[PDB]
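First, one chain by itself in structure tokens, the form deposited in one PDB entry.
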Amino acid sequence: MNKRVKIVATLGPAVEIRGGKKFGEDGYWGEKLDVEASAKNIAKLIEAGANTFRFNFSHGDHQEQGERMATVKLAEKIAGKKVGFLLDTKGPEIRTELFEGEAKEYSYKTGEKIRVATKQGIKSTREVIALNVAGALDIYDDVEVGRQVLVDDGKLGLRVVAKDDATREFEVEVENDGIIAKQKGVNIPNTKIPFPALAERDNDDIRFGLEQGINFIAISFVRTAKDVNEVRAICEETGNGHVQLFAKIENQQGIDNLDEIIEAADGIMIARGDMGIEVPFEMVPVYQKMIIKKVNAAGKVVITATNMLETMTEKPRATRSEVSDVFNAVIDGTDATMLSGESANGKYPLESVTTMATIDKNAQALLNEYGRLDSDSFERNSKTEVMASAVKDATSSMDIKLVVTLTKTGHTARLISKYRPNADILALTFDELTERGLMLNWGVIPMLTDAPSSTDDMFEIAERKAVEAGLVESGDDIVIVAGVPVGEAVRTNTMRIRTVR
């Protein structure tokens, strides 16, 4: 069987070996990276069914990230299977500042009264909490009395009951017992802090990433089309127009402007962590279903991500609720699922990938009977639409082992992908950028080949590759779809059903 649902695995130290020393062993950070040993460990993740690696630019300097990408390049060589490179921007993050006296955290109780400091550069005390705002913004005038400041995944709330113009501070009340640790996430819902469309740090992060060579960018805290287009401008400036941009919907502004953001972007990442704090917690499953449906209708790529298998950071087997969650992400019709901590810094990086894939394959057995995605709802008054519909009805009506595309831009592959055929899709292409850019599209198995001389040659090549890759043998039925001639920039116009000789 072929895992049709794509996997994004966040890379980190959990895979990286230093002087024969694994993550957790003391003075690990002291020793230097063994590139060969980690690449061998990364190769086991690729084999486990990871399709793309995520470089989270919230943590790690350019040296750290760029070296990691160099290791993956060699890991591809060991496994002999390519994968996509995804960069994740820090964006307008707010964190709790460091504590005076190397205090790591403090405990509070409900009813307690404390202050939050809007001044930048200063350290935290138990009595006053200093915020690290990205790009050193003053947020004093942008958060009002009665607003809510949340710390460590929204687990601890502080209600703003007064502002002091004298010190530019917020007087807050502790809503529940909890811990305020240093370097923890801060969220302030139902606010519009005037963060730039593009902050200078994120410009640098992307430019550094584009220089190393990336296939994707996930833009954090996308509020509007403007935020996506400011990144698009850089990609086109640097001669990286092939880079596909995922808007991360992390907040209410993102949901309100979802329609214009989906138009602007090449896909969406459902960022459930930040989203769960910013909107009612019991409403995240509603937005997850709605968002996947609309992105699919735009023919674009959706990633369901964050806390998919949270517990496997610490424990070898997931909870029944995590397994259910990953299971229904496939049944809503997500293109891709994402491991963040599980693969970056947990104790079970390879098992988390193996757990996620096995669930992904089991759900795809139930897609036919239970799948929430419907191809019938789509418009059918255009040549591409009737041609895709005919391919899907083929796979519906017969035992079709494989749909085989020859695609210059990969357009045909995204078209058939969108219709969710009851078959694996071979996407044959003529350049590596197009090959690696198709890695997150549902059911699509990208393969590099030589351009065809003619339509008959095209049909020869398609059968020859699928047979050589071992995907089909004699007696198996395949569908061959293309914009003929493939060399010219024409959209899908041709379909051929072939019994493999």
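One-based numbering along the sequence shown.
We do not show the form deposited in another entry, though everything after this point is about it.
Shown are candidates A318, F246, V172, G91; the hinge separating the rigid parts that shift between this form and the one not shown corresponds to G91. Distance between the C-alpha atoms of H59 and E97: shorter in that other deposited form than here (change of 3 Å or more). The Cα-Cα distance between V143 and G254 is lengthened by 3 Å or more in that other deposited form relative to the form shown here.
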